[PDB]
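Participant: My structure is in data.cif, and what it holds is mmCIF, N, CA and C atoms:
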```
data_my_file
loop_
_atom_site.label_atom_id
_atom_site.label_comp_id
_atom_site.auth_asym_id
_atom_site.auth_seq_id
_atom_site.Cartn_x
_atom_site.Cartn_y
_atom_site.Cartn_z
N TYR A 168 50.78 37.84 31.29
CA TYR A 168 50.89 39.02 30.39
C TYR A 168 52.24 39.69 30.54
N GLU A 169 53.08 39.11 31.36
CA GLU A 169 54.38 39.67 31.65
C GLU A 169 55.43 39.17 30.68
N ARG A 170 55.07 38.19 29.88
CA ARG A 170 55.97 37.66 28.89
C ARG A 170 55.93 38.53 27.64
N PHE A 171 57.09 38.89 27.13
CA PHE A 171 57.17 39.74 25.97
C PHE A 171 57.30 38.93 24.70
N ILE A 172 56.35 39.10 23.81
CA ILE A 172 56.28 38.35 22.58
C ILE A 172 55.80 39.23 21.42
N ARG A 173 56.49 39.13 20.28
CA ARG A 173 56.15 39.89 19.09
C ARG A 173 56.75 39.19 17.86
N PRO A 174 56.32 39.55 16.63
CA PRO A 174 56.84 38.94 15.42
C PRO A 174 58.18 39.55 15.02
N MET A 175 58.13 40.71 14.36
CA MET A 175 59.33 41.42 14.00
C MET A 175 59.04 42.88 13.69
N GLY A 176 59.16 43.72 14.70
CA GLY A 176 59.02 45.15 14.49
C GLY A 176 57.65 45.58 14.04
N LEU A 177 56.61 45.04 14.67
CA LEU A 177 55.24 45.40 14.33
C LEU A 177 55.02 46.90 14.54
N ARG A 178 54.02 47.46 13.88
CA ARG A 178 53.74 48.90 13.96
C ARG A 178 53.63 49.37 15.41
N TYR A 179 52.82 48.69 16.20
CA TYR A 179 52.68 48.98 17.61
C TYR A 179 51.73 47.97 18.21
N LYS A 180 51.59 47.98 19.52
CA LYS A 180 50.68 47.08 20.19
C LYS A 180 49.23 47.54 20.08
N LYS A 181 48.76 47.69 18.86
CA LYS A 181 47.39 48.05 18.59
C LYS A 181 46.87 47.24 17.42
N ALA A 182 45.59 46.96 17.45
CA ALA A 182 44.94 46.25 16.35
C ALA A 182 43.52 46.75 16.17
N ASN A 183 43.03 46.70 14.94
CA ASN A 183 41.66 47.11 14.66
C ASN A 183 40.73 45.98 15.00
N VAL A 184 40.06 46.09 16.13
CA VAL A 184 39.20 45.04 16.60
C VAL A 184 37.77 45.26 16.12
N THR A 185 37.28 44.33 15.36
CA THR A 185 35.93 44.38 14.86
C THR A 185 35.02 43.61 15.79
N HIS A 186 34.01 44.29 16.29
CA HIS A 186 33.09 43.70 17.23
C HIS A 186 31.78 43.41 16.51
N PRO A 187 31.47 42.14 16.25
CA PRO A 187 30.24 41.76 15.53
C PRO A 187 28.98 42.14 16.31
N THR A 188 29.11 42.18 17.62
CA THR A 188 28.01 42.52 18.50
C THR A 188 27.59 43.98 18.30
N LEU A 189 28.58 44.86 18.15
CA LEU A 189 28.33 46.29 18.02
C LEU A 189 28.31 46.67 16.57
N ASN A 190 28.89 45.81 15.75
CA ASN A 190 29.04 46.06 14.31
C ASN A 190 29.91 47.31 14.11
N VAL A 191 31.07 47.32 14.76
CA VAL A 191 31.97 48.44 14.69
C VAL A 191 33.42 47.97 14.85
N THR A 192 34.33 48.60 14.15
CA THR A 192 35.72 48.27 14.29
C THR A 192 36.46 49.43 14.95
N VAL A 193 37.12 49.13 16.04
CA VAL A 193 37.84 50.13 16.82
C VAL A 193 39.23 49.62 17.12
N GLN A 194 40.23 50.47 16.98
CA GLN A 194 41.58 50.06 17.28
C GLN A 194 41.81 50.11 18.79
N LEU A 195 42.08 48.96 19.36
CA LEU A 195 42.37 48.87 20.78
C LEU A 195 43.81 48.49 20.99
N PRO A 196 44.40 48.92 22.11
CA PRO A 196 45.75 48.52 22.46
C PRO A 196 45.77 47.05 22.85
N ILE A 197 46.79 46.35 22.44
CA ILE A 197 46.90 44.95 22.74
C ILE A 197 47.58 44.76 24.08
N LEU A 198 46.84 44.22 25.04
CA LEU A 198 47.37 44.00 26.38
C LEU A 198 48.42 42.90 26.36
N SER A 199 48.13 41.84 25.63
CA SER A 199 49.05 40.73 25.52
C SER A 199 48.70 39.88 24.31
N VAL A 200 49.71 39.26 23.72
CA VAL A 200 49.50 38.40 22.59
C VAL A 200 49.99 37.00 22.93
N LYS A 201 49.33 36.01 22.39
CA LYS A 201 49.69 34.65 22.61
C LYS A 201 50.03 33.99 21.28
N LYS A 202 51.25 33.46 21.23
CA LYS A 202 51.80 32.80 20.04
C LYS A 202 50.89 31.72 19.50
N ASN A 203 51.03 31.45 18.22
CA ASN A 203 50.38 30.31 17.63
C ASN A 203 51.15 29.08 18.09
N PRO A 204 50.45 28.06 18.59
CA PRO A 204 51.10 26.89 19.21
C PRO A 204 52.07 26.14 18.29
N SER A 205 51.80 26.15 17.00
CA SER A 205 52.67 25.47 16.06
C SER A 205 53.45 26.47 15.21
N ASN A 206 52.98 27.72 15.18
CA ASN A 206 53.60 28.79 14.38
C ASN A 206 53.64 28.40 12.89
N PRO A 207 52.53 28.65 12.17
CA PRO A 207 52.38 28.27 10.76
C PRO A 207 53.24 29.11 9.80
N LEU A 208 53.92 30.13 10.31
CA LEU A 208 54.76 30.98 9.47
C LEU A 208 55.82 30.18 8.78
N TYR A 209 55.87 30.33 7.48
CA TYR A 209 56.82 29.61 6.66
C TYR A 209 58.10 30.42 6.50
N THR A 210 58.75 30.69 7.62
CA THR A 210 59.99 31.47 7.64
C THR A 210 59.75 32.90 7.12
N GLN A 211 58.49 33.33 7.16
CA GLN A 211 58.11 34.65 6.66
C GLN A 211 58.78 35.76 7.46
N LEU A 212 58.82 35.57 8.79
CA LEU A 212 59.49 36.52 9.70
C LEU A 212 58.93 37.94 9.58
N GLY A 213 57.70 38.06 9.11
CA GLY A 213 57.10 39.36 8.96
C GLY A 213 56.07 39.64 10.02
N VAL A 214 54.86 39.21 9.76
CA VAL A 214 53.77 39.39 10.69
C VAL A 214 53.13 38.05 10.99
N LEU A 215 52.38 37.98 12.07
CA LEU A 215 51.74 36.74 12.46
C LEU A 215 50.59 36.41 11.56
N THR A 216 50.19 35.17 11.61
CA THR A 216 49.13 34.69 10.77
C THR A 216 47.78 34.85 11.44
N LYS A 217 46.72 34.69 10.66
CA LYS A 217 45.38 34.81 11.17
C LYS A 217 45.08 33.71 12.18
N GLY A 218 44.34 34.06 13.20
CA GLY A 218 44.01 33.12 14.23
C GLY A 218 44.89 33.28 15.46
N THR A 219 45.79 34.27 15.43
CA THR A 219 46.65 34.52 16.59
C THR A 219 45.80 35.02 17.75
N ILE A 220 46.07 34.55 18.95
CA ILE A 220 45.22 34.88 20.09
C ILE A 220 45.76 36.08 20.85
N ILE A 221 44.91 37.06 21.08
CA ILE A 221 45.31 38.23 21.87
C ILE A 221 44.34 38.44 23.00
N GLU A 222 44.78 39.16 24.00
CA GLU A 222 43.95 39.46 25.12
C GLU A 222 43.74 40.96 25.19
N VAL A 223 42.50 41.39 25.05
CA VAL A 223 42.18 42.81 25.05
C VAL A 223 41.05 43.13 26.00
N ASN A 224 40.99 44.38 26.41
CA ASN A 224 39.96 44.83 27.32
C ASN A 224 38.92 45.65 26.57
N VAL A 225 37.74 45.08 26.36
CA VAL A 225 36.69 45.80 25.67
C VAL A 225 35.93 46.70 26.64
N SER A 226 36.56 47.82 26.94
CA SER A 226 36.00 48.84 27.81
C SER A 226 36.70 50.16 27.53
N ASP A 227 37.99 50.06 27.20
CA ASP A 227 38.86 51.22 26.97
C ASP A 227 38.59 51.88 25.61
N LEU A 228 37.52 51.47 24.95
CA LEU A 228 37.15 52.06 23.67
C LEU A 228 36.80 53.53 23.87
N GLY A 229 36.10 53.81 24.97
CA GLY A 229 35.72 55.17 25.30
C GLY A 229 34.52 55.66 24.51
N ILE A 230 34.02 54.82 23.62
CA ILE A 230 32.90 55.20 22.78
C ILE A 230 31.57 55.07 23.52
N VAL A 231 31.51 54.11 24.45
CA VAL A 231 30.30 53.84 25.23
C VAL A 231 29.07 53.73 24.32
N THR A 232 28.99 52.64 23.58
CA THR A 232 27.90 52.45 22.65
C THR A 232 26.96 51.32 23.11
N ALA A 233 27.36 50.60 24.16
CA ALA A 233 26.58 49.47 24.64
C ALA A 233 26.30 49.58 26.14
N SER A 234 26.18 50.81 26.63
CA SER A 234 25.87 51.08 28.06
C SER A 234 26.94 50.51 29.02
N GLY A 235 28.05 50.05 28.46
CA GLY A 235 29.12 49.50 29.28
C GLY A 235 28.86 48.07 29.72
N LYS A 236 27.75 47.49 29.27
CA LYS A 236 27.35 46.13 29.66
C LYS A 236 28.24 45.08 29.02
N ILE A 237 29.03 45.51 28.07
CA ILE A 237 29.94 44.62 27.36
C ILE A 237 31.34 44.65 27.95
N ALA A 238 31.53 45.47 28.99
CA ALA A 238 32.84 45.67 29.60
C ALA A 238 33.39 44.38 30.20
N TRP A 239 34.47 43.86 29.59
CA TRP A 239 35.10 42.62 30.06
C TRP A 239 36.37 42.32 29.26
N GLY A 240 37.36 41.72 29.91
CA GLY A 240 38.57 41.32 29.20
C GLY A 240 38.29 40.11 28.34
N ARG A 241 38.50 40.24 27.05
CA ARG A 241 38.13 39.19 26.12
C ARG A 241 39.30 38.83 25.21
N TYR A 242 39.21 37.68 24.58
CA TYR A 242 40.23 37.23 23.67
C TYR A 242 39.78 37.44 22.23
N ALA A 243 40.68 37.93 21.41
CA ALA A 243 40.37 38.19 20.03
C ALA A 243 41.40 37.52 19.13
N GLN A 244 41.03 37.29 17.89
CA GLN A 244 41.92 36.64 16.95
C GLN A 244 42.49 37.64 15.96
N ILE A 245 43.79 37.59 15.77
CA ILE A 245 44.45 38.46 14.81
C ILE A 245 44.27 37.94 13.42
N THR A 246 43.86 38.82 12.54
CA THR A 246 43.72 38.53 11.15
C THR A 246 44.20 39.75 10.36
N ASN A 247 45.38 39.65 9.80
CA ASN A 247 45.95 40.76 9.07
C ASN A 247 45.38 40.83 7.67
N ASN A 248 44.74 41.94 7.37
CA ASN A 248 44.22 42.17 6.04
C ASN A 248 44.71 43.53 5.54
N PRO A 249 46.01 43.61 5.21
CA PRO A 249 46.64 44.86 4.78
C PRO A 249 46.20 45.30 3.39
N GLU A 250 45.64 44.38 2.62
CA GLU A 250 45.20 44.69 1.28
C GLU A 250 43.83 45.35 1.30
N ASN A 251 43.09 45.14 2.38
CA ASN A 251 41.76 45.71 2.52
C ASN A 251 41.76 46.88 3.50
N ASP A 252 42.20 46.61 4.72
CA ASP A 252 42.25 47.63 5.75
C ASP A 252 43.62 48.29 5.80
N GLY A 253 44.65 47.54 5.46
CA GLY A 253 45.99 48.09 5.47
C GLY A 253 46.62 48.07 6.84
N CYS A 254 45.92 47.48 7.79
CA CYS A 254 46.38 47.44 9.16
C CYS A 254 46.26 46.04 9.74
N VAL A 255 46.76 45.86 10.95
CA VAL A 255 46.62 44.59 11.66
C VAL A 255 45.22 44.56 12.24
N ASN A 256 44.46 43.56 11.88
CA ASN A 256 43.07 43.51 12.28
C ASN A 256 42.86 42.41 13.28
N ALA A 257 41.87 42.59 14.12
CA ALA A 257 41.51 41.60 15.10
C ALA A 257 40.01 41.42 15.10
N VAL A 258 39.57 40.21 15.33
CA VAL A 258 38.16 39.92 15.35
C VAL A 258 37.77 39.30 16.68
N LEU A 259 36.67 39.77 17.23
CA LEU A 259 36.19 39.28 18.50
C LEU A 259 35.17 38.18 18.29
N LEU A 260 35.39 37.06 18.92
CA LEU A 260 34.49 35.94 18.82
C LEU A 260 33.43 36.01 19.91
N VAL A 261 32.20 35.74 19.55
CA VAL A 261 31.09 35.81 20.48
C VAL A 261 30.34 34.49 20.54
#
```
What would the structure in this file look like if it were written as structure tokens?
Facilitator:
Amino acid sequence: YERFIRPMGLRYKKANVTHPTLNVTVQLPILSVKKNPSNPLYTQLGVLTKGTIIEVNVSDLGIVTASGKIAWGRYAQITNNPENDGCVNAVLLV
């Protein structure tokens, strides 16, 4: 997580993480991001593509909606939907 990686001037190290388990979307800070192995970007140089792997801690939400039993560092996939949410979105796989 000590390696610094980003696309080009992203808003900040935060993404709207949708948790299917809780059925809630909460913006969490991104602890670390992992590049796409082949980088499907067609010289776009804007934002990363869907399926980008990030590492986030599902505990710092502070909402406490699942008794804290869900507390664990998990990997989520970035999926930017600026036309719908207007923000960088992330989805948690279960």
Participant: I would like the residues chosen by the PyMOL selection byres (((chain A and resi 194-211 and name CA) around 7) and name CA) on the shown file; could you give them as a VMD selection string?
Facilitator: chain A and resid 168 172 180 to 184 192 to 193 212 to 213 216 219 to 223 228
Participant: Using the chain letters and residue numbers of this document, give as a count of residues only the residues selected by the PyMOL selection byres (((chain A and resi 175 and name CA) around 10) and name CA).
Facilitator: 10
Participant: Would you please extract all strand (DSSP E) residues from segment 171-255 of chain A, as assigned by DSSP on the backbone, and give them as a VMD selection string?
Facilitator: chain A and resid 181 to 186 191 to 196 199 to 201 219 to 225 239 to 248 254 to 255
Participant: Show me, as a list in words, the residues that have an atom within 8 Å of residue 217 of chain A when counting all atoms listed in the file, minus same-chain residues fewer than 6 positions from it.
Facilitator: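 Once the adjacent positions are removed, what remains is residues 244, 245, 246 and 247 of chain A.
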Participant: Would you mind reading off the distance between atom CA of residue 236 of chain A and atom CA of residue 254 of chain A, one decimal, in Å?
Facilitator: 28.0 Å
Participant: Have a look at atom CA of residue 232 of chain A and atom CA of residue 258 of chain A and let me know their distance in Å, one decimal.
Facilitator: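 Computing it gives 17.8 Å between the two atoms.
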Participant: What is the distance, in Å and to one decimal place, between atom N of residue 226 of chain A and atom C of residue 169 of chain A?
Facilitator: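 Atom N of residue 226 of chain A sits 21.1 Å away from atom C of residue 169 of chain A.
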Participant: List the residues matched by the PyMOL selection byres (((chain A and resi 239 and name CA) around 7) and name CA) in the displayed structure as an NGL selection string, ordered by chain and then by residue number.
Facilitator: :A and (224-226 or 237-238 or 240-241)
Participant: Kindly reconstruct segment 237-251 of chain A with N, CA, C and O atoms and present the result as a compact mmCIF listing (two decimals), keeping the file's coordinate frame.
Facilitator:
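Saved file out03.txt follows:
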```txt
# COMPACT_ATOMS: atom_id res chain seq x y z
N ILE A 237 29.03 45.51 28.07
CA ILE A 237 29.94 44.62 27.36
C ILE A 237 31.34 44.65 27.95
O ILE A 237 32.23 43.93 27.49
N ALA A 238 31.53 45.47 28.99
CA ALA A 238 32.84 45.67 29.60
C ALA A 238 33.39 44.38 30.20
O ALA A 238 32.86 43.87 31.19
N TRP A 239 34.47 43.86 29.59
CA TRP A 239 35.10 42.62 30.06
C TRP A 239 36.37 42.32 29.26
O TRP A 239 36.47 42.67 28.08
N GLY A 240 37.36 41.72 29.91
CA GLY A 240 38.57 41.32 29.20
C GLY A 240 38.29 40.11 28.34
O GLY A 240 37.91 39.06 28.85
N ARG A 241 38.50 40.24 27.05
CA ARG A 241 38.13 39.19 26.12
C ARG A 241 39.30 38.83 25.21
O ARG A 241 40.26 39.59 25.09
N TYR A 242 39.21 37.68 24.58
CA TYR A 242 40.23 37.23 23.67
C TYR A 242 39.78 37.44 22.23
O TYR A 242 38.64 37.15 21.88
N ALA A 243 40.68 37.93 21.41
CA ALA A 243 40.37 38.19 20.03
C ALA A 243 41.40 37.52 19.13
O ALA A 243 42.50 37.20 19.58
N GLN A 244 41.03 37.29 17.89
CA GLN A 244 41.92 36.64 16.95
C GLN A 244 42.49 37.64 15.96
O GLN A 244 41.75 38.44 15.38
N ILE A 245 43.79 37.59 15.77
CA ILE A 245 44.45 38.46 14.81
C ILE A 245 44.27 37.94 13.42
O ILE A 245 44.49 36.75 13.16
N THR A 246 43.86 38.82 12.54
CA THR A 246 43.72 38.53 11.15
C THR A 246 44.20 39.75 10.36
O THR A 246 43.54 40.77 10.31
N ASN A 247 45.38 39.65 9.80
CA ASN A 247 45.95 40.76 9.07
C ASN A 247 45.38 40.83 7.67
O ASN A 247 45.51 39.89 6.89
N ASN A 248 44.74 41.94 7.37
CA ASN A 248 44.22 42.17 6.04
C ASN A 248 44.71 43.53 5.54
O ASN A 248 43.95 44.50 5.46
N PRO A 249 46.01 43.61 5.21
CA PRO A 249 46.64 44.86 4.78
C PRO A 249 46.20 45.30 3.39
O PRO A 249 46.37 46.45 3.01
N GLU A 250 45.64 44.38 2.62
CA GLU A 250 45.20 44.69 1.28
C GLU A 250 43.83 45.35 1.30
O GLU A 250 43.44 46.04 0.35
N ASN A 251 43.09 45.14 2.38
CA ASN A 251 41.76 45.71 2.52
C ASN A 251 41.76 46.88 3.50
O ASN A 251 41.38 48.00 3.16
```
